[PDB]
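Okay, here's what each chain looks like letter by letter:
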Amino acid sequence: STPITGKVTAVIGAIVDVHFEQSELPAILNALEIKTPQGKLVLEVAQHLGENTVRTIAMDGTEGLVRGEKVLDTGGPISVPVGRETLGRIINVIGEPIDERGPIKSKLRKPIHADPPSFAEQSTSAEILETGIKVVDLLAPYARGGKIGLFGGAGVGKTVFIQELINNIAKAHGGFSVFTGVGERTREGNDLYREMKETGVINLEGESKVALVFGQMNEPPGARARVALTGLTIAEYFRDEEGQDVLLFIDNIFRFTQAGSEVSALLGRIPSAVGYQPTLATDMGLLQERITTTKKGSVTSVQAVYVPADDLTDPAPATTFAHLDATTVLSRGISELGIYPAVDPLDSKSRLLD
Amino acid sequence: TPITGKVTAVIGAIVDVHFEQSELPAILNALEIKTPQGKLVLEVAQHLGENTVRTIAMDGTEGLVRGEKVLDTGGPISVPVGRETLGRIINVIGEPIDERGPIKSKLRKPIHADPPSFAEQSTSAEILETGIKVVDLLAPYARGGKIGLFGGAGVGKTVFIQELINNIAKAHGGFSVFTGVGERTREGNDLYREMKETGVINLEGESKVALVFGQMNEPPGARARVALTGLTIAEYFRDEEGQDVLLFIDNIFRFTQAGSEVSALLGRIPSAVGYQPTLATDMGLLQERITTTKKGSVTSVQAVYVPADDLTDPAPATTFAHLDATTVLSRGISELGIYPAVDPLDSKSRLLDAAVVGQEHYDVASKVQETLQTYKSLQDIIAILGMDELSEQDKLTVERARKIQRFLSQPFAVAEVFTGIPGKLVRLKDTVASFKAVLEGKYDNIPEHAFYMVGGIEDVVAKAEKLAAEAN
Amino acid sequence: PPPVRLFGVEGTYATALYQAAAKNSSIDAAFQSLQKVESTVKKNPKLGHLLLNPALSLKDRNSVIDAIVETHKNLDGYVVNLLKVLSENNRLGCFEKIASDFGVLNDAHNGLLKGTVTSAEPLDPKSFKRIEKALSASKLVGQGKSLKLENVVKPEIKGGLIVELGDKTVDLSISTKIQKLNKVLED
Amino acid sequence: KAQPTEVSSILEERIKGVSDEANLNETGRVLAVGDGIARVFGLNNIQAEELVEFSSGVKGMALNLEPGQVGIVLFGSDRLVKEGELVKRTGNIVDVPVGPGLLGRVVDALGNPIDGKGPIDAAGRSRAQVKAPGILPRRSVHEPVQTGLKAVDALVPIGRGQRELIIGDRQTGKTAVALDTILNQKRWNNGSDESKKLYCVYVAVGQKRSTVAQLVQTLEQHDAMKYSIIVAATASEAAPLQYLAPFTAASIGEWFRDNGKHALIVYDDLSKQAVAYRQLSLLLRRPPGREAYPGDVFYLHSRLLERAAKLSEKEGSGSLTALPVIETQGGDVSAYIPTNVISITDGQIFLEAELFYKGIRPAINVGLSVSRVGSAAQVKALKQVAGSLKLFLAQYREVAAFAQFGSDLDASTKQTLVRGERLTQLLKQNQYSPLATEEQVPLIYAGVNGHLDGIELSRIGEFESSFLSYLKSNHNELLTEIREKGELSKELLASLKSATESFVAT
Amino acid sequence: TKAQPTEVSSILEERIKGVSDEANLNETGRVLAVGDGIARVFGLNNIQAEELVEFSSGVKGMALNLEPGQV
Amino acid sequence: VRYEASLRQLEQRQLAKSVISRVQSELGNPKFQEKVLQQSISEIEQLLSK
Ligand SMILES: Nc1ncnc2c1ncn2[C@@H]1O[C@H](COP(=O)(O)OP(=O)(O)OP(=O)(O)O)[C@@H](O)[C@H]1O
Ligand SMILES: Nc1ncnc2c1ncn2[C@@H]1O[C@H](COP(=O)(O)OP(=O)(O)O)[C@@H](O)[C@H]1O
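Position numbers follow the written sequence of each chain, starting from 1, instead of the entry's numbering, which may differ; residues with no coordinates are not represented. Each chain takes a letter, starting from A, and each ligand takes a number, starting from 1, following the order in which they are written. Remark: the chains included constitute part of a larger assembly, and values are reported for the included chains only. Computation of side-chain values covers all heavy atoms of the structure but excludes hydrogens and water. Residues with missing side-chain atoms are left out of burial classes, side-chain pairs and their counts.

- As recorded in the PDB header, cryo-EM is the method behind this entry, and the stated resolution is 3.8 Å.

1. Re the packing of aromatic side chains
(1) Moving on: Within 6.5 Å between ring centres, the rings of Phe, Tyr and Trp (the latter by its six-membered ring) count as paired, and their orientation is classed by plane angle as stacked under 30 degrees, edge-to-face over 60, tilted in between. All chains considered together, the criterion is met by 27 aromatic pairs over all chains.
(2) Moving on: For the pair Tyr237 of chain A and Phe238 of chain A, a centre-to-centre distance of 6.4 Å together with 45 degrees between the ring planes defines the contact as tilted.
(3) Moving on: Measuring from centroid to centroid gives 5.0 Å for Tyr470 of chain D and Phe503 of chain D, while their planes differ by 20 degrees, and the two rings are stacked. A residue pair is termed long-range when its members are at least 10 positions apart, and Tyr470 of chain D in helix α15 (residues 460-473) and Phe503 of chain D in helix α17 (residues 490-505) qualify at 33 residues. Of the two residues, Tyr470 of chain D and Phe503 of chain D, both sit in the buried class.
(4) Moving on: Through pairs of rings, three or more aromatic residues link up here, namely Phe463, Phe467, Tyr470 and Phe503 of chain D. For helices the rule is a DSSP run of H or I covering at least 4 residues; for strands it is a run of E covering at least 2, with both sets numbered from the N terminus onward. Remark: exposure states derive from per-residue accessible area (1.4 Å probe, protein chains only) relative to the maximum for the residue type, with buried under 20%, exposed over 50%, and partly exposed in between.

2. Brief notes about the site of ligand 2
(1) Moving on: Note on terminology: near, applied to a residue and a molecule or strand, indicates that one of the residue's heavy atoms is within 4 Å of it. In the vicinity of ligand 2 there are 15 residues, among which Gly154, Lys157, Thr158 and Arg184 of chain B together with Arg372 of chain D approach most closely.
(2) Moving on: One chain alone does not account for the residues near ligand 2; they come from chains B and D.
(3) Moving on: The separation between an oxygen atom of ligand 2 and a polar main-chain atom of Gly154 of chain B is 2.7 Å.
(4) Moving on: Within 3.5 Å is the distance limit for a polar contact, defined as a pair of N or O atoms, with the added protein rule that one can donate a hydrogen and the other accept it, and that residues adjacent in sequence qualify only through two side-chain atoms. A distance of 2.7 Å is found between an oxygen atom of ligand 2 and a side-chain nitrogen or oxygen belonging to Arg184 of chain B.
(5) Moving on: Note on areas: Shrake-Rupley, 1.4 Å probe, and residue coverage restricted to the protein chains presented here. Computed on the free molecule, ligand 2 has an accessible area of 570 Å², of which 94% lies beneath the protein chains in the complex.
(6) Moving on: Looking at the shell around ligand 2 residue by residue, the class counts come to seven nonpolar, four polar and four charged.
(7) Moving on: Boundary definitions for the domains trace back to an automatic or database domain assignment. Here the shell around ligand 2 gathers at least three residues from each of two domains, domain 2 (77-351) and domain 3 (352-472) of chain B. Nonpolar residues are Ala, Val, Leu, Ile, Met, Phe, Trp, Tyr, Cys and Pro. Charged residues are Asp, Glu, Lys and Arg, and all others, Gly as well, are polar.

3. As for the interface of chain B and chain D
(1) Moving on: Residue contacts follow a heavy-atom distance rule, with two residues in contact if any of their heavy atoms lie within 4.5 Å. Residue-level contacts link 55 residues of chain B with 60 residues of chain D.
(2) Moving on: Counting only elements with at least two residues in the side of chain B that touches chain D, the list comes to β1 (5-11), α3 (185-197), α6 (252-262) and α13 (416-419) of chain B.
(3) Moving on: It is α3 of chain B that provides the largest number of residues to the side of chain B that touches chain D, a total of six residues.
(4) Moving on: Looking at the side of chain B that touches chain D residue by residue, the classes come out as 21 nonpolar, 14 polar and 20 charged.
(5) Moving on: Criterion used throughout: strands pair if DSSP finds at least two bridges between them. For β1 of chain B and strand β5 (residues 59-66) of chain D, the ladder comprises two bridges, and the chain directions are antiparallel. Bridged to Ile11 of chain B within β5 of chain D is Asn64 of chain D.

4. A look at the pattern of salt bridges
(1) Moving on: The salt bridge criterion pairs a side-chain nitrogen of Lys or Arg with a carboxyl oxygen of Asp or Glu, the two atoms within 4 Å. If you walk through the whole model with that rule in mind, you get 74 salt bridges over all chains.
(2) Moving on: Residue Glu187 of chain B pairs with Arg184 of chain B through a salt bridge whose shortest N-O separation is 2.4 Å. Grouping residues by exposure puts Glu187 of chain B and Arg184 of chain B together as buried.
(3) Moving on: Across the pair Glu438 of chain D and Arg483 of chain D runs a salt bridge, and its minimum N-O distance is 2.4 Å. In this pair, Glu438 of chain D is assigned in helix α14 (residues 437-448) and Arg483 of chain D in helix α16 (residues 476-485), connecting sequence segments 45 residues apart.

5. Details of the site of ligand 1
(1) Moving on: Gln171, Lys174, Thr175, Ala176 and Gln429 of chain D are the nearest of the 14 residues found near ligand 1.
(2) Moving on: Near ligand 1, the surrounding residues belong to chains A and D.
(3) Moving on: Separating an oxygen atom of ligand 1 from a side-chain N or O atom of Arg351 of chain A is a distance of 3.3 Å.
(4) Moving on: When the free accessible area of ligand 1 is taken as 620 Å², the share hidden by the protein chains comes to 81%.
(5) Moving on: Partitioned by chemical class, the residues of the shell around ligand 1 number one nonpolar, seven polar and six charged.

6. Remarks on the packing of helix α13 (residues 411-426) of chain D against α14 of chain D
Residue and element names in this part refer to chain D.
(1) Moving on: With axes taken as lines fitted to C-alpha atoms, and helix axes fitted only over the stretch in contact, angles between N-to-C directions fall between 0 and 180 degrees. Direction vectors running N to C along α13 and α14 enclose 160 degrees, while the axes themselves pass 9 Å from each other. Considering the angle they form, α13 stands roughly antiparallel to α14. By crossing handedness, the relation of α13 to α14 is classed as right-handed. Along the contact surface, α13 presents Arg419, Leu423 and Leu426, while α14 presents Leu443, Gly447 and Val448.
(2) Moving on: Its residues assigned to classes, the contact of α13 with α14 comprises four nonpolar, one polar and one charged. Any angle from 65 to 115 degrees is called roughly perpendicular, while one under 35 is roughly parallel, one over 145 is roughly antiparallel, and all others are oblique. Helix crossings get a hand from a simple test, with the near helix turned counterclockwise from the far one by less than a right angle marking a left-handed crossing and a clockwise turn marking a right-handed one.

7. A short note on the interface of chain F and chain C
(1) Moving on: On the side of chain C, 22 residues touch chain F, which itself brings 16 residues to the contact.
(2) Moving on: The greatest single-element share of the side of chain F that touches chain C, amounting to 11 residues, is contributed by helix α2 (residues 31-48) of chain F.
(3) Moving on: Classifying every residue of the side of chain F that touches chain C gives eight nonpolar, five polar and three charged.

8. Observations regarding the domain arrangement of chain D
When the parts of a complex come together, some accessible area is lost, and that lost area is often taken as the interface size.
(1) Moving on: With domains assigned, chain D is organised as domain 1 (20-92), domain 2 (93-378) and domain 3 (379-506).
(2) Moving on: Of note, the centres of domain 1 of chain D and domain 3 of chain D, computed from C-alpha atoms alone, are 61 Å apart.

9. As for the UniProt feature "binding site: ATP" in chain D
Residues and elements named next belong to chain D.
(1) Moving on: UniProt positions are given in the numbering used here, feature names are shortened, and annotations may be inferred rather than shown by experiment. In the numbering used here, UniProt assigns the "binding site: ATP" feature to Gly168, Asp169, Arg170, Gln171, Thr172, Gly173, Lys174 and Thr175.
(2) Moving on: Structurally, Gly173 is set in the loop between β11 (166-168) and α3 (175-184).
(3) Moving on: Within the secondary structure, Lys174 is located in the loop between β11 and α3.
(4) Moving on: When neighbours within four sequence positions are excluded, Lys174 is seen to be in contact with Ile166, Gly168, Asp169, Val325, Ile326, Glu327 and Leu351.
(5) Moving on: For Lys174, the side chain forms a polar contact with the main-chain oxygen of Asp169, separated by 2.4 Å.

Here's what the structure looks like:
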């Protein structure tokens, strides 16, 4: 209709400078398209240099961009298809499925940089979410709409633990699961998909109970700094529309902090202390404070933590631990005694064991 | 012929004045601006060219408009001097805030003067007996020199300075100029009441001190100059009257930190750890005007705050070479209750030579530092295994060392409300004989706790007798 | 004491030019010659524009300057000399910008206080005229000085109008008023 | 019903009345917005730190001025402020509504209430950047702030106008001390005398939304919201809000200070304010210092905490008392931030993690927690019957590592060891039960004079409530004596010793 | 690209005139900026590196950085 | 009392979506035309007043 067409003037790695013709400029955090022979290439405007010229971070590979290509605008932020049709469909951060099950016939398309809920709507007494596993609901109970730090490396039944959470939330509270691998290893991405088919939580013919968002490792860092927001918006539509209690799984939040570091070091902002980006607290808060409990429903998050170099004064776990309501450790010395699950009792402590 | 300019740039405490008269006001001159709150004083730091100066702001610059008229005063920031300023609380500019009227004094000298010449330098081996144990044993303070209290966050810099006030400034006879640089406003008020009650400040009468304050509330233009105001009042009495001048300065580190809050804004490249690059010269100009000439003596006591006990910080490490008698205060000593927490190891002085304080004094100090160095060396094996795995000379050495540490404590006349004990002013010779007695082994069977928080060895015997009559 | 500061962003070349020519009167001529050289750049667009590139030379920039002044003998006097400095300083690329800025300074000397009457759709002439009069019949302009006025079309606004000039504006339009109505009723 | 539409239509008349006088000697275009800060061309008559308003509702503070352009920091996400918009200037240095009408409300950093209880009945506006009161209208502190905790008023007392620091670690019980103090001030906020009331302003910075929601719910369970002021700057919102919000709350505190009344403020927690300040100074190219807090971060907490002291009689004998909270990293007291809050406040309450790991809550480390002008302003009774208690816990701390050898000892160390363990188990306290000084005196009095030594160690927790109910049922007149007089005379002391030895005997 | 260092208003003005003072400034120069014991100074085209100069008031200096525009 | 405050909040959010309905009612009008006259006379009132 009335397009906002400009020219790419500069490609620097994952940073892309887009010139627009005058009196047309979209604000920060708005989705821009570039049509390629391979598909579409999405940009998110992050800085305005003046001169009717914006500066974006990539969301896919930026090889082969002739400077001077047309830049199409979509006005709003990165749109994602939401709702019932998204279940069992591996959506990347763009909004397109990659399982080759055709396009997703979803009903709405939502922005991802939305407002967090206002203070009058925050639920004023955090009850206990009945998960279903015994040692969870006994010792370190998960806060309904709270945050849960699931530690421990792979191979201790962590995927078994998280599928068990999927089935038990499907039974007891009837809530759906939104899994999100930020920075997920691609091979174990496929192994997780195959195992979630064979365990029954993904039915390719019936009604599956989970939405997968896999932001792969080989995407540029602007992707991984929004994949968690994509999973968050798919959680928010199930919360505030259909009124449920939805489990948002995020692995692995330290790779999200790396995505923040590399986005705000590619933009030329001065790096902070240890080397994480100086927008650390705010760009953790814009992921944390949208996971809460309103009077309609709630989204409870289980998010892993890769503790860097086995150290807990490093600011990325020292910032995540200013938000986590309850920890859950899957240790080695408990599965070594052949115990399923391996919820270690002495370590997994809650702020809601009161 | 007033020289008018325009404010063309404000960044916090740094303001730019464009002139159109080709006579630009020189470096270190004072501009002023009529504000709706009164007036506000600027100090010209560097010419940018283009008929534009770039100045530091002696007070807060909330609410200037680009283009506001800037007025010249010709010279540097003038400060009232003389006997008129005694018992008065002079701010950085020179507006008193004791609200007892303006300071009807004769001269107003500028702050920025050069240090004295090398031929004007004077030396003095005048030993100042202070009455503290840990000073007068291990690091004797020098009259006419300078005295540093390197100290961490809350291990008794300010309490030790009030101790030296209460033990010197009454029996001094010269004058005293206290200078609150970036310390607490409340501590300034408490020192003001202590000066009123103890007759140092005599309000209606004649006083002996001059308060030059300006605290951590002030924006960093004031803290980079308030020590210069106290300095000018000090060296006036050093030069105009020919007296002895006590110059207590607390805290000298806030000066250099005000040196670090403007230099990132004045376009200087950031130096090492975050401070300015103009550090040794600015600390040099502030230290080398506190000296001792052939006209009078300045025996100054300067606190030094150290950020988080890292003595490789560039500002106190620069400060170490300017001081004739350091005194290190460490938090790891102060947690064990040893007050004051004077590090007996790293304390030095230009004094404490055998030909200066006497051979006996020097030998006692050397033996005490040998015993405490032996303790600090054997620290690790004590921490791992315990005291039982030593030899039988060294176990006696460790035990006598831990006697002498708890004996280094001294109940202060100012910290009386923390410990509940009245003050102890122990003279020098009793301390020398006391440490000689404990070194020679005359008291090796006394329990250790009786050495703690005591005056002299007579009170050690008395307190051991008290605990003997109590424990029985 | 020159009027309307450039201050910073490369208008200082113009500032120097202005003040150097302000003491020697000839500014309109300078201004006219700037108009003429800007037009003869515009009326020869291949390599009148596209030969304002930084990769040429010292010497070729100087000879373009000579080629530029070859078309007209005695190009004012001062603006023929300033180009040489810029040619040597290689700030030629940021040049017509300097033309626009000298124009702003010049018509500030005339006092043309350029305004604007933003809308989302162009308007009749009667409104234009009545507003221009009002703006001329205003405190704003102290008279003795002119008053341009430009209507622009803005879709980002929902209609109404806003008057602008002397970094002083009034907005009685629709979009802002919807905003304020919303804000007060969104509590 | 339509009554808020009536009120909003009156406000429409104000907006339409403001539109009749709207001539903004200011407006300028937004050249470039980047790094979460905006550069604006125009505005040739703006002030330093003047509030401006962009064309999307996001306000802003203009913190630097240059020849050519003005740099305005934002007050929210930069998603709203677009390039090329319109920048009216409001006209004010950054101010907030102050006055008594905020009691009960929950505002964010700019006086916008977010509780959902209508507009702020605002008794005026006041600057955020107020010069601190100079050294002449100050009086040294001489009135107690009865926190209601046992160990706090035993060991580290708080004066009205004494800036005390609550330093600690993560999830180690830091917020609970300030919350129990606010709930203890219910003893006088229900009362009638103004000079004994004590208004609480709790300033949550950097915390979660739901934590501040639960804390408002807690302060309405125990009815503190007739005197509370919540200033919330939750971590979803962007960084200059967190840089501003404790300062605006200090303006709220100064309003109660100048007007004779007494008021407590709680900053919680300034180690996230310095996070927000290092974010705002590492997006404006200002070069970092030690551990990348920028070089003036001492000055920030300085100019914050110095607007709190005790005014003398010359200004109206009002006060403002601050409790900043500092989150350290693993029991550290020597990073660059906690060695700047310590070098301002008049003492520490070092809530060490190891003692809370043994469940002793609140976990005040006694041998580290000290206060400098606390001792001159304690209640006279506790100062009479706890002048040994600090020295006795120092004595017990001396033999802490000496008894770990397991060696058989003399009688005196066993006596002090038993009494020290009884005192350590004695100072525990459940949540939301502050004990008034009228009941803090007899429990400490039973602790000092060896009366507990026959009791086993586990009974002490129920000994507390048993001995309290024994004094509430029978010796009520002694509690009224301690309430009125605030001091133990000899007859009071003998009656108290009888009333102890009675209940001690069984 | 970026403001250069021989572009102040008091120096370009003279160059616009055609007086070309820079060629005349071999033995003499002018102070441009002088703060923190450093004096960026325009002129002295014949100057060396590590050469002594005297300012007209009486304080002396060493010339270290020879840039194109200033000293 | 709690339920009364909740009912007031529900009344306010109903009138908020009614405000959205009023925006939809207003934006189809030739008040888009007629209101330019209002700005015209308003600028006459403002700029003449100084
Ligand atoms: N007296 C007490 N009784 C019961 N629980 C307590 C008590 N004191 C502290 N706690 C526990 O301490 C936990 C955290 O309290 P608090 O918020 O003070 O810690 P914190 O370190 O301040 O946490 P944050 O820093 O995130 O605010 C709470 O879960 C509370 O249950
Ligand atoms: N003689 C002493 N006895 C006991 N405590 C002392 C003594 N001297 C100092 N202190 C402790 O030192 C603190 C004072 O340190 P100070 O130097 O005033 O802090 P700052 O580092 O802010 O200047 C007091 O809290 C007090 O507990």
